[PDB]
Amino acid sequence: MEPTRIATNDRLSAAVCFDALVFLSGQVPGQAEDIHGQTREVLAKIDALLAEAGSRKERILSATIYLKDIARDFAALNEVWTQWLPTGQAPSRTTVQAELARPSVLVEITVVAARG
């Protein structure tokens, strides 16, 4: 009946759960400066949040992927993304260009998933 929250601050909660759905905040990279490293860090953050929320990679429903420079970084994004995904179990996805809150951020990914 009530949404529950994980890692709440004044602006956002890292995850919000409602019934069988998990809504994740857009995840941004860690300390990597390169597109490959940043995508790894974003996806690692998503996997931990899925775990915390009672979900898993195999239960992702949708991912919107934002790239600062889609022409430059789409191939690198796809390389890391396809290796990270569980085989044969890819989610719905949309990949578009958008600047993120800091100019050094090259990639940000927003996930909705199903509770297990």
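One rule holds for the numbers: they count along the sequence shown, beginning at 1.
Looking at 51-59 and 65-73 together, the entry lists the larger mean B-factor for 51-59, computed on C-alpha atoms. Stretches 7-15 and 91-99 differ in mean C-alpha B factor, with the higher average recorded for 7-15.
Reading the B-factor column for the CA atoms of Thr39, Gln27, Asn78, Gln31 in the entry, the top value corresponds to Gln31. Sorting the modelled residues of the chain by their CA temperature factor places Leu43 in the lowest third.
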